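Colleague: Pasting a structure below so you can have a look.
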4 protein chains.
Amino acid sequence: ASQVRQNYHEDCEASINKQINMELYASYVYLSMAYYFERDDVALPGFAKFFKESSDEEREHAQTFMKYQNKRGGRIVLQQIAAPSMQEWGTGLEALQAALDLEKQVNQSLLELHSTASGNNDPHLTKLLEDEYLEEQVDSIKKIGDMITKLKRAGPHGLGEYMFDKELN
Amino acid sequence: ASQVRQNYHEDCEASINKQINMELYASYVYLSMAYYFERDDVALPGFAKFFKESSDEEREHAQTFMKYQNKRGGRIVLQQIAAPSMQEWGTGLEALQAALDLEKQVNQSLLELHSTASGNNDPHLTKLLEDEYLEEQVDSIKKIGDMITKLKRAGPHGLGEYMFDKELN
Amino acid sequence: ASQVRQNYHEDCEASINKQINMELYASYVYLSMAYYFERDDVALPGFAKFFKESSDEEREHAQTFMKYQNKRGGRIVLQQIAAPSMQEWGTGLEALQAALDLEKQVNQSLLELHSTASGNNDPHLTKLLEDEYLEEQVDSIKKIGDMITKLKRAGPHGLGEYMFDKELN
Amino acid sequence: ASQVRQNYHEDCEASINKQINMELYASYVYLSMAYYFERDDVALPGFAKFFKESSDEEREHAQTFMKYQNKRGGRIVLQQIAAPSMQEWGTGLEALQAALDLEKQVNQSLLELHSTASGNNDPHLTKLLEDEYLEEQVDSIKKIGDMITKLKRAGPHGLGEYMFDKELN
């Protein structure tokens with residue numbers, strides 16, 4: 001094994017690999033949304049900016065796991081990144097609903113990985129998940145719910161969609 | 001011929017003369033729109049400003065061609081500038097539709113002039129069109145399409161027209 | 001079609017989609033290298049940094065094509081991103097050889113896309129490739145060749161690899 | 001008991017005392033290395049500096065546990081600090097190997113203390129270990145592994161040892 005490896009279970013190692021693939025997928029999905037919202041026939045720059053930033057954040061999370069994997073003397077194994085489920089994402093509202101559902105799947109996987117880490121008595125890995133992932137993922141879900149409420153109030157279509165988009169830009 | 005002239009075909013020279021007239025026409029059309037939108041019974045200052053600026057830019061394009069004509073040792077020949085097709089331009093939306101159609105006509109003439117330049121193997125003139133006109137004309141068309149979508153979402157009449165006019169001011 | 005589309009051939013549109021996938025693939029390959037070189041048992045931070053930066057640049061290229069696609073009124077279609085060919089990249093030298101070969105493949109695809117654009121008389125698209133991609137791709141290939149010579153001189157293994165890695169950090 | 005004591009198990013108290021002795025020992029070992037590397041017949045100032053700093057850090061960890069012990073209303077019990085195992089530490093490489101092994105023993109003891117704290121449902125103490133000790137100890141092990149790889153590449157003797165030492169200074 002690596003000269004650095006210590007108290008680092010195979011299953012935690014493999015579950016981090018899967019999490020990397022997952023965060024990269026999410027990044028890609030958000031990249032798709034961001035450019036969807038810059039189509040000349042959609043033109044919602046606030047939503048575009050929101051999803052670009054979310055695409056960048058999700059990529060950083062993947063990288064943070066890639067760095068973590070080497071930090072513990074795990075080996076990074078990179079797999080195919082699947083095409084996003086959609087090429088077009090409908091209204092602002094629909095894209096936010098899909099983002100909420102996506103964030104909640106990511107949170108569920110992160111919590112599964114926390115449980116795996118707890119099961120194997122790996123407090124360094126439970127701390128990483130707590131400090132770097134779980135808090136942010138709750139904040140991000142809270143934010144998207146709030147956005148969805150605000151958009152429903154304002155719009156969700158027509159002038160209200162336009163006004164809500166401005167407050168995101 | 002001019003002491004400077006070199007690899008500059010008569011047809012390219014005459015096609016630039018026509019393009020100068022055309023950009024001056026577009027300038028004049030946009031000037032008409034700009035003052036249309038400052039009528040007391042229209043009062044859309046964002047559209048006014050947008051079209052004034054577009055009028056100035058189209059004038060600068062004509063001048064850039066006038067300077068180019070002299071740079072190659074062509075002779076500038078200035079013709080009548082026609083009255084704009086309309087004196088009143090209807091709603092903001094209608095003005096933008098007419099602008100879009102106008103920009104696409106200018107782009108088409110520019111691409112024809114590119115093909116003429118390529119046909120006569122004048123790479124100095126194909127470069128000018130590429131660097132100074134074609135990129136800007138694509139951006140400008142993209143911009144107007146985006147605007148038209150946003151105005152359709154927000155308005156296109158009533159409060160939404162008022163609000164969209166504000167993002168433009 | 002899009003309200004903005006003009007002189008934009010389907011084949012150019014689809015070839016840009018493929019190029020987007022390709023630049024994202026190259027990004028992913030370089031990401032893999034970058035983290036390969038931060039393994040505790042490789043520890044070549046200069047190569048790590050070099051490949052991280054290259055990963056970021058290749059991602060920016062994909063995004064520039066995604067924005068271009070929308071600018072012309074094309075529709076972006078995102079496909080699976082394949083796993084990198086390798087999980088481990090051997091020595092610094094070997095990684096650079098694989099990078100060189102990769103860059104030359106991207107350059108070839110870019111030149112094919114230029115020929116497609118020229119064939120369809122799309123001078124806006126030939127200009128983009130010339131101004132944004134082709135110059136940078138030549139520079140990048142020149143840079144890697146130079147690197148490969150320098151590493152061969154210095155090293156390519158042992159102390160020389162260590163020293164060369166330092167000029168890169 | 002102390003007026004402040006609350007949910008603080010005897011065994012956690014005694015295990016912190018032992019950890020203090022342990023971190024003080026490590027400090028002393030690193031102090032020995034640091035001065036070994038300043039011998040006129042060794043003269044590796046980078047290694048000297050590295051180990052002095054590590055000696056200081058290990059002393060700070062001991063103090064942080066001494067402060068923690070009083071914070072919870074435990075009583076500090078200080079024992080003999082044993083002589084370092086060696087008076088001379090051989091090559092740079094050998095000293096790093098011994099440091100790696102030492103850091104890994106410290107990490108193992110810290111994880112044992114985490115398990116003891118978890119067993120006694122002391123979340124204040126599991127949090128201290130997670131935030132103040134376990135992260136740093138993983139970083140430090142990762143760092144020493146990287147160093148060992150880099151030194152093996154560069155040297156590990158002769159000019160390479162000299163050059164690697166410079167990058168530590």
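Note on naming: chains are A, B, ... as they come in the structure tokens, residues start from 1 per chain, ligands start from 1 in the order shown.
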Could you list the residues in chain C lying within 6 Å of chain A, using only C-alpha atoms, and format the result as an NGL selection string?

Modeller: :C and (39 or 70 or 79-83)

Colleague: Find the spatial neighbours of residue 160 of chain C, counting only C-alpha atoms, within a cut-off of 12 Å - ignore same-chain residues fewer than 3 positions away - and output them as a compact mmCIF listing (two decimals) with N, CA, C and O atoms, in the first residue's frame.

Modeller:
```txt
# COMPACT_ATOMS: atom_id res chain seq x y z
N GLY C 92 7.20 11.69 -15.97
CA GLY C 92 6.87 13.02 -16.49
C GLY C 92 7.02 13.07 -17.97
O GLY C 92 6.13 13.64 -18.69
N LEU C 93 8.07 12.40 -18.45
CA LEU C 93 8.33 12.40 -19.83
C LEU C 93 7.15 11.78 -20.58
O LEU C 93 6.69 12.38 -21.53
N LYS C 150 13.81 19.56 -23.12
CA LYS C 150 14.53 20.10 -21.95
C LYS C 150 14.60 19.03 -20.89
O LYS C 150 15.62 18.88 -20.20
N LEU C 151 13.51 18.28 -20.78
CA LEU C 151 13.45 17.20 -19.86
C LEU C 151 14.39 16.08 -20.30
O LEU C 151 15.15 15.56 -19.45
N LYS C 152 14.42 15.77 -21.60
CA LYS C 152 15.39 14.82 -22.11
C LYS C 152 16.83 15.24 -21.84
O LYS C 152 17.62 14.39 -21.50
N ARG C 153 17.12 16.53 -21.94
CA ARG C 153 18.47 17.03 -21.66
C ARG C 153 18.79 16.92 -20.16
O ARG C 153 19.84 16.48 -19.76
N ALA C 154 17.91 17.46 -19.37
CA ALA C 154 18.12 17.53 -17.94
C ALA C 154 18.14 16.15 -17.35
O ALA C 154 18.97 15.82 -16.51
N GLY C 155 17.16 15.37 -17.73
CA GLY C 155 16.90 14.06 -17.06
C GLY C 155 17.12 13.04 -18.13
O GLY C 155 18.18 13.02 -18.70
N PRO C 156 16.08 12.28 -18.50
CA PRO C 156 14.69 12.48 -18.09
C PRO C 156 14.27 11.86 -16.79
O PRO C 156 13.10 12.04 -16.41
N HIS C 157 15.17 11.18 -16.07
CA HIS C 157 14.84 10.61 -14.75
C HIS C 157 15.68 11.15 -13.66
O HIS C 157 16.64 11.87 -13.88
N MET C 163 14.80 18.39 -10.98
CA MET C 163 15.17 19.78 -11.31
C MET C 163 14.21 20.34 -12.34
O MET C 163 13.75 21.46 -12.18
N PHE C 164 13.89 19.57 -13.39
CA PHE C 164 13.01 20.12 -14.41
C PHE C 164 11.61 20.42 -13.84
O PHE C 164 10.99 21.43 -14.19
N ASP C 165 11.13 19.53 -13.00
CA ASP C 165 9.88 19.71 -12.31
C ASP C 165 9.82 21.06 -11.55
O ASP C 165 8.80 21.73 -11.57
N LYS C 166 10.96 21.45 -10.98
CA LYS C 166 11.10 22.72 -10.31
C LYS C 166 10.94 23.97 -11.18
O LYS C 166 10.27 24.91 -10.76
N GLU C 167 11.49 23.95 -12.41
CA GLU C 167 11.34 25.08 -13.37
C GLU C 167 9.90 25.25 -13.76
O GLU C 167 9.51 26.29 -14.26
N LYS D 150 10.43 12.54 -3.10
CA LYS D 150 11.14 13.58 -3.87
C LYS D 150 12.64 13.39 -3.66
O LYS D 150 13.45 13.54 -4.59
N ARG D 153 13.93 10.53 -5.61
CA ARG D 153 14.06 10.86 -7.02
C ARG D 153 15.32 11.68 -7.23
O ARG D 153 16.09 11.45 -8.12
N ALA D 154 15.46 12.70 -6.43
CA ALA D 154 16.54 13.64 -6.56
C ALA D 154 17.85 12.98 -6.25
O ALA D 154 18.82 13.12 -6.97
N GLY D 155 17.88 12.29 -5.12
CA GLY D 155 19.14 11.73 -4.61
C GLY D 155 18.93 10.26 -4.67
O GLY D 155 18.69 9.75 -5.74
N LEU D 159 24.71 14.85 -4.65
CA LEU D 159 24.23 16.12 -5.12
C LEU D 159 22.71 16.25 -4.91
O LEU D 159 22.23 17.30 -4.57
N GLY D 160 21.97 15.19 -5.15
CA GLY D 160 20.55 15.19 -4.96
C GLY D 160 20.16 15.44 -3.54
O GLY D 160 19.19 16.14 -3.28
N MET D 163 20.71 19.15 -3.13
CA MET D 163 19.70 19.97 -3.82
C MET D 163 18.39 19.87 -3.10
O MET D 163 17.75 20.88 -2.89
```

Colleague: Would you list the contacts of residue 22 of chain D as a list in words, taking every protein, DNA or RNA residue within 9 Å and counting only C-alpha atoms, but skipping same-chain residues closer than 3 positions in sequence?

Modeller: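 Once the nearby chain positions are removed, what remains is residues 17, 18, 19, 25, 26, 27, 62, 81, 106 and 109 of chain D.
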
Colleague: Pull C-alpha atoms from the residues just selected and write them as an mmCIF file, in the first residue's frame.

Modeller:
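Result written to part.cif:
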```cif
data_model
loop_
_atom_site.group_PDB
_atom_site.id
_atom_site.type_symbol
_atom_site.label_atom_id
_atom_site.label_comp_id
_atom_site.auth_asym_id
_atom_site.auth_seq_id
_atom_site.Cartn_x
_atom_site.Cartn_y
_atom_site.Cartn_z
ATOM 1 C CA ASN D 17 -2.000 12.542 30.086
ATOM 2 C CA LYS D 18 -0.371 9.782 28.115
ATOM 3 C CA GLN D 19 -0.812 11.657 24.867
ATOM 4 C CA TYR D 25 8.672 12.715 23.396
ATOM 5 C CA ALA D 26 8.159 13.348 19.685
ATOM 6 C CA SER D 27 9.218 16.956 20.227
ATOM 7 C CA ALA D 62 1.332 18.802 24.045
ATOM 8 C CA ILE D 81 10.392 12.125 28.912
ATOM 9 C CA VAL D 106 1.289 9.345 16.954
ATOM 10 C CA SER D 109 -2.506 6.730 19.448
#
```

Colleague: Please, what distance in Å, to one decimal, runs between atom CA of residue 146 of chain B and atom CA of residue 91 of chain B?

Modeller: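 Pair atom CA of residue 146 of chain B / atom CA of residue 91 of chain B returns 16.9 Å.
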
Colleague: Taking 4 positions as the minimum chain separation for residues in the same chain, which residues sit within 12 Å of residue 111 of chain D when counting only C-alpha atoms? Answer as a list in words.

Modeller: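 Listed by chain and then number, they are residues 6, 7, 8, 121, 122, 123 and 124 of chain A; 15, 19, 104, 105, 106, 107, 115, 116, 117, 118, 125, 126, 128, 129, 130, 133, 134, 135, 137 and 138 of chain D.
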
Colleague: What parts of segment 38-112 of chain D does DSSP call alpha helix (DSSP H)? I'd like the answer as a PyMOL selection string.

Modeller: chain D and resi 45-72+92-112

Colleague: At what distance in Å, to one decimal, does atom CA of residue 144 of chain B lie from atom CA of residue 52 of chain A?

Modeller: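 Answer for the atom CA of residue 52 of chain A to atom CA of residue 144 of chain B separation: 23.0 Å.
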
Colleague: One decimal, in Å: what's the spacing between atom CA of residue 30 of chain A and atom CA of residue 51 of chain A?

Modeller: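 Distance between the two atoms: 5.3 Å.
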